[PDB]
Each structure stands twice: as structure tokens, then as C-alpha cells.
Amino acid sequence: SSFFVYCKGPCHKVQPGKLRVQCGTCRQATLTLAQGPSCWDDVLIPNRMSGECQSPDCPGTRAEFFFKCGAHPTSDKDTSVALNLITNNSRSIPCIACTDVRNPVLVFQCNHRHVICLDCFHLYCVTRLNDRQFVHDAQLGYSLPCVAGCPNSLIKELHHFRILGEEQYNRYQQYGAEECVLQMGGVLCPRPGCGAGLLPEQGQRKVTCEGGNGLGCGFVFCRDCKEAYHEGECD
Amino acid sequence: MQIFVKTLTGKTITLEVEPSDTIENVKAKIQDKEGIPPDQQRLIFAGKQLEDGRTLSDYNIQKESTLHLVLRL
Amino acid sequence: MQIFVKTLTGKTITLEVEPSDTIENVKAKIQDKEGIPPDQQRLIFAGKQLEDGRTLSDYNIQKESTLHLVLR
Ligand SMILES: CC(=O)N1Cc2c(-c3ccc(C(=O)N4CCCc5ccccc54)cc3)cnn2C[C@@H]1Cc1ccccc1
Ligand SMILES: [Zn+2]
Ligand SMILES: [Zn+2]
Ligand SMILES: [Zn+2]
Ligand SMILES: [Zn+2]
Ligand SMILES: [Zn+2]
Ligand SMILES: [Zn+2]
């Protein structure tokens, strides 16, 4: 087929990819596959497929798949993440945003399977991230739904957000860790410059940002009002 | 391969790992460098908590990608 | 172009091939470097045992990728 991966190495962009397989036990490329994979789950979920490792004293049976960038030679362990939502525009569907017919495209897992070109998908993610309009799901992570507002369309493989570029991608990881602790029931240290993620006990109103040296800033504050701990109420 | 564990405060740790390493191994590797009991460690990647039993490859963590660390009491 | 063949012992050899080379050529080129009669040569690429009649391109073998060799 035609796979797509994010090559953080030389290309620093989305590129067509190679599908490769190693033995699940000896982590070597000697496993013969019984039949080719026929769907994404075959290569994404582990031990979805079985084969025979040809290493003399290895009984490996489990297929472990991985992808490489296809745009240049790669060393066999310089992997890239498959962006499984990205595909060639075989049916030539216009972008739901710029209405231009382009290739390749990202196809959301919403019921309509809406299509967006990578440039527009880039603009979607950046503005939604500046606005702090990414969505956190406790099972899935910090993600985004189909741009058209469809339900149950949260992108599952979060490496799609590599399209943000390196700086925006790192900010995305940070915001998402911030929203994670908050979802965990924690609080963000209000001391400007510290910003630790704190996990105080539930009842505790007196939170102390003290993980140690370089870990916490020492501040003691009030969950409800976010000032240094007072014993009265938040005016 | 190398990976980084970052706190939200900015402290950066650098670890040698294999993609098959489980999150529990990672947390041990952290306590070797920092003295933080693994029990107190919460690891986040792309806003998802990492489960102690699953592997770095389970989350498709790439070489030189960054995990976030948060501490529990 | 060059391609790599990794042996079971781990030592990685380097062959000069052309994409039209058949798998026969490759096995001859391997015994030239390391002396293993093709009869004992089994080549694996992408989870497929490599067939004598086909050519490197037939299998999408690209420049500077790797074949693994297993004996009979
Ligand atoms: C190691 C491995 O698996 N392969 C297969 C494969 C594909 C591939 C792509 C799509 C398809 C496909 O038909 N589908 C169905 C529709 C979309 C889809 C999505 C994910 C996976 C498969 C599919 C099948 C296969 C592209 N290169 N190589 C390299 C390697 C060759 C091979 C080794 C051993 C045995 C059979 C084949
Ligand atoms: Zn590349
Ligand atoms: Zn094996
Ligand atoms: Zn567009
Ligand atoms: Zn949609
Ligand atoms: Zn603090
Ligand atoms: Zn207060």
C-alpha cells in the first residue's frame, strides 16, 4: 500500500513509509509471516498476527510491526511513527476546509469520514492549541475531534500532532500534561515560574509545592483561591 | 535509545531505554538517578497517564521524545 | 547501489547490486564475500522468504536496505 509516517529525522515532515516486521521475542527480522496484514489493527495492536522466526534457536511466533521513513535509506532501528489517519486521496475528495483536492489527506474517524489536507490540518491544530481548545480524555490523551464538529472523532494516535512542528508539538505535550494533572484532580502551582504539577490529597486545602531541589518551589497555597494559604475564606 | 523525562517545572532527566522497556522499568531508571520512589511517580505522554504494566512501544514513544513526570505526595 | 545483508552471527556485509539483479545474483555475491554456497542461503526481507526467480525490484528492495540470511 501507501503508508505515511512522521520522519522527525532528516525529512522533518510527513513522508511515505515502509512497513517492516521483526520477531516479537528475538527482536530480529527473521520472522516469516503467514499472511499479509489486511487492516490497521493487524499492525497496530500487538500479537495480532503470528509467524515463524527463522532464527535457529528462537521459537518466536508474534509479529511486531514497525515503520520507517521511505524517502531515504534508514538504519533498521531508526523508526518513524505511522500516521494511520493519513492516506492517499484515491477517490480525489476535496478538502472540507480549503475545498482544494490535494494529496495526501487526513481522514477523520467520524461517521462521515471527513477529509482535510495537511496544510489545513496544520492550521486547525495550531489555532486550536493557541486557543487552548484541545480536548483531554482520560483514556485517550490530549487530542482534537474532526474539525467539522463531529462526535466520537477524537484522534487516537496522538503522534498525528507532530504536524504542529517541533516547537508547537512540545507546547502541545506540555499543555496536555497540564490538563492531565488537572483531570487527575491535581492543581498547578500558581507561583509564576514554578508551574509544578501537584497531586495533593483530596481534602487537603493546604498544598505545598515541595518535591525537592529543582522539583518544587516551596510555595504553600490554597487550592480554592490559589493564594498563599490563609486560614479564613477566599474574599 | 535515549528519552527525556521532563517535569512541568522544567527539570530534565535523560535516560537510556529500549522500546520494549516497560513504564515500570522507566520509573525504576528514574529513581536510580533521582531518589524518587517509583510509587510517587506519575508519567504522562501527550496528556495520557502511562500505565505501569505497558511498554514504551505501547505508546509509540520515539527516540528522544519526552515524557512528563508529576509527583504524588 | 549498495545493500546490506546481516548474518545470524551479527556481522553485516555489504553488496553492490543493481535493482535488476536477481536473487540468484545476490546469493552468488554473498558466497563471493563469505563463501556460503547459495544452496544453504535463505534470504529474508520484510517477513518474506526470497525467491530465486524474482529480482530485487520485484520485492521493492531499495538502496541501502537490509536482507537477513539464514542457512537452510
Ligand atoms: C511485513 C508485512 O506485513 N508486509 C506487508 C506489506 C504491505 C501491505 C500493505 C497493505 C496491505 C493491505 O492489503 N491492507 C488492507 C488495507 C489497508 C491496510 C492497512 C494496514 C495493513 C494492511 C492493509 C497489505 C500489505 C506493504 N509493505 N509490506 C511489506 C511486507 C511484505 C509482506 C511480508 C510477509 C508477508 C506478506 C507481505
Ligand atoms: Zn525521512
Ligand atoms: Zn525470533
Ligand atoms: Zn485544505
Ligand atoms: Zn467529521
Ligand atoms: Zn511551585
Ligand atoms: Zn483561599
Side-chain angles (χ1 to χ4, degrees), chain A residues 5-13 66 77-83 125-126 129 132 134 136 140-144 155-184 186 188-189 193-199 211 214-216, chain B residues 1-34 36 38 40-52 54-72:
Chain A
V5 304
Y6 192 87
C7 174
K8 56 194 294 186
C11 310
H12 305 278
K13 64 179 180 180
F66 61 93
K77 275 165 191 165
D78 181 15
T79 84
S80 292
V81 188
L83 307 178
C125 292
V126 193
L129 178 73
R132 282 280 204 142
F134 270 62
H136 190 273
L140 278 202
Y142 206 44
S143 202
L144 273 183
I155 282 147
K156 315 182 92 73
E157 167 84 86
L158 309 165
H159 278 90
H160 282 92
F161 295 117
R162 275 285 178 190
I163 306 192
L164 282 179
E166 185 96 38
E167 202 219 359
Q168 290 306 304
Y169 178 74
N170 281 312
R171 205 206 276 158
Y172 151 79
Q173 295 267 1
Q174 209 202 20
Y175 288 3
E178 276 161 16
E179 289 284 348
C180 188
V181 289
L182 295 174
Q183 201 284 316
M184 294 198 167
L188 296 186
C189 173
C194 171
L198 301 166
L199 297 178
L215 306 117
Chain B
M1 75 187 196
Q2 283 194 331
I3 59 156
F4 313 106
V5 178
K6 274 199 206 124
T7 79
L8 279 89
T9 61
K11 184 135 199 134
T12 292
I13 285 142
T14 313
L15 316 174
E16 180 76 12
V17 296
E18 294 291 340
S20 76
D21 277 339
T22 194
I23 302 307
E24 195 172 9
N25 306 156
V26 174
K27 294 179 157 176
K29 281 176 193 265
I30 303 198
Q31 141 181 271
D32 310 343
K33 286 206 185 276
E34 305 306 296
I36 282 46
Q40 252 168 357
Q41 300 175 31
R42 304 289 91 111
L43 288 180
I44 310 180
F45 184 83
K48 182 160 36 153
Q49 214 178 317
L50 295 313
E51 294 171 38
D52 279 25
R54 269 154 98 220
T55 60
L56 289 176
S57 71
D58 279 332
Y59 305 94
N60 255 350
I61 305 325
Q62 296 302 113
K63 87 191 192 272
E64 303 177 46
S65 284
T66 291
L67 319 196
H68 285 85
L69 176 66
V70 165
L71 289 209
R72 198 201 267 307

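Order of the sequence lines sets the chain letters (A, B, ...), proteins ahead of strands, with each chain counted from 1. Scope of the values below: all heavy atoms of this structure, side chains included, with no hydrogens, waters or symmetry mates.
The structure places CG of B:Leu50 at 7.5 Å from CG of B:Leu56, a figure rounded to the nearest 0.5 Å. Taken to the nearest 0.5 Å, the CG atom of B:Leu71 stands 9.0 Å off from the OG1 atom of B:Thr9. Distance check: A:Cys7 SG to A:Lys13 NZ gives 10.0 Å after rounding to the nearest 0.5 Å. Distance check, rounded to the nearest 0.5 Å: NZ of A:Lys156 to OG of A:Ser143 gives 9.0 Å. Expressed to the nearest 0.5 Å, how far CZ of B:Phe4 lies from OG of B:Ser65 amounts to 9.0 Å. Expressed to the nearest 0.5 Å, how far CD of B:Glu24 lies from NZ of B:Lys29 amounts to 13.0 Å.
Nearest heavy atoms, B:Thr14 versus B:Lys33: O-CE, 3.1 Å. Taking every heavy atom of both residues into account, A:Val181 and A:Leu199 meet most closely at O-CD2, 4.4 Å. The minimum heavy-atom distance between A:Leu83 and A:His159, with the atom names listed, is CD2-O, 3.5 Å. The minimum heavy-atom distance linking B:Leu67 with B:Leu43 is given by the pair CD1-CD1, 4.3 Å. Summarising the geometry of A:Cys125 relative to A:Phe134, their closest heavy-atom pair is O-CE1, 3.4 Å, with the distance given to 0.1 Å. Heavy-atom minimum distance, A:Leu215 versus A:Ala196: O-CB, 4.1 Å.
Side-chain contact between B:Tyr59 and B:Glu51: present, with at least one pair of heavy atoms (C-beta onward) separated by less than 4.5 Å. Proximity of B:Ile30 to B:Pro38: side-chain heavy atoms (C-beta onward) are nowhere separated by under 4.5 Å. B:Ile3 has its side chain out of reach of B:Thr66: every pair of non-hydrogen atoms, C-beta onward, lies at least 4.5 Å apart. Looking at heavy atoms from C-beta onward, B:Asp52 lies out of side-chain contact with B:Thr22 at the 4.5 angstrom threshold. Using a 4.5 Å heavy-atom cutoff, the side chains of B:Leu8 and A:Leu188 are in contact. Side-chain contact check for B:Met1 versus B:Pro19: some heavy-atom pair is nearer than 4.5 Å. Proximity of A:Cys180 to B:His68: side-chain heavy atoms (C-beta onward) are nowhere separated by under 4.5 Å. Side-chain contact between A:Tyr142 and A:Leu129: present, with at least one pair of heavy atoms (C-beta onward) separated by less than 4.5 Å.
B:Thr7 contributes a side-chain N or O that, together with a main-chain N or O of B:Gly10, makes up a donor-acceptor pair within less than 3.5 Å. For the pair B:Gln41 (side chain) and B:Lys27 (backbone), a donor-acceptor distance under 3.5 Å is present. Here the side chain of B:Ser20 pairs no donor or acceptor atom with the backbone of B:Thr55 at under 3.5 angstrom.
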> Are A:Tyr172 and A:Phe161 close enough, and set up right, to give a ring-ring contact (aromatic ring centres under 6.0 Å, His included), and what steps lead you there?
Replying inline: CA-CA 8 Å; A:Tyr172 151 79; A:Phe161 295 117; 5.1 Å; yes
>> For a side-chain contact (heavy atoms from CB on, under 4.5 Å) check, start with the C-alpha distance between B:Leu15 and B:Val5, then their side-chain angles and the critical distance, and finish with the verdict.
In response: CA-CA 8 Å; B:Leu15 316 174; B:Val5 178; 3.8 Å; yes
>> For A:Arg171 and A:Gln174: C-alpha separation, side-chain torsions, deciding distance, then whether side chain to side chain donor-acceptor pair (under 3.5 Å) applies.
In response: CA-CA 5 Å; A:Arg171 205 206 276 158; A:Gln174 209 202 20; over 6 Å; no
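For the side-chain hydrogen bond (donor to acceptor under 3.5 Å, both in side chains) test with A:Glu178, the passing option among A:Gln173, A:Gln183, A:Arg132 is A:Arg132; the others fail.
Around atom CD of A:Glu167, no more than 12 heavy atoms belonging to other residues, nucleotides or ligands sit under 6.0 Å away.
Screening residues 60-71 of chain B for salt bridge (charged side-chain N to carboxylate O under 4.0 Å, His left out), with sequence neighbours left out, gives A:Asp78-B:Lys63.
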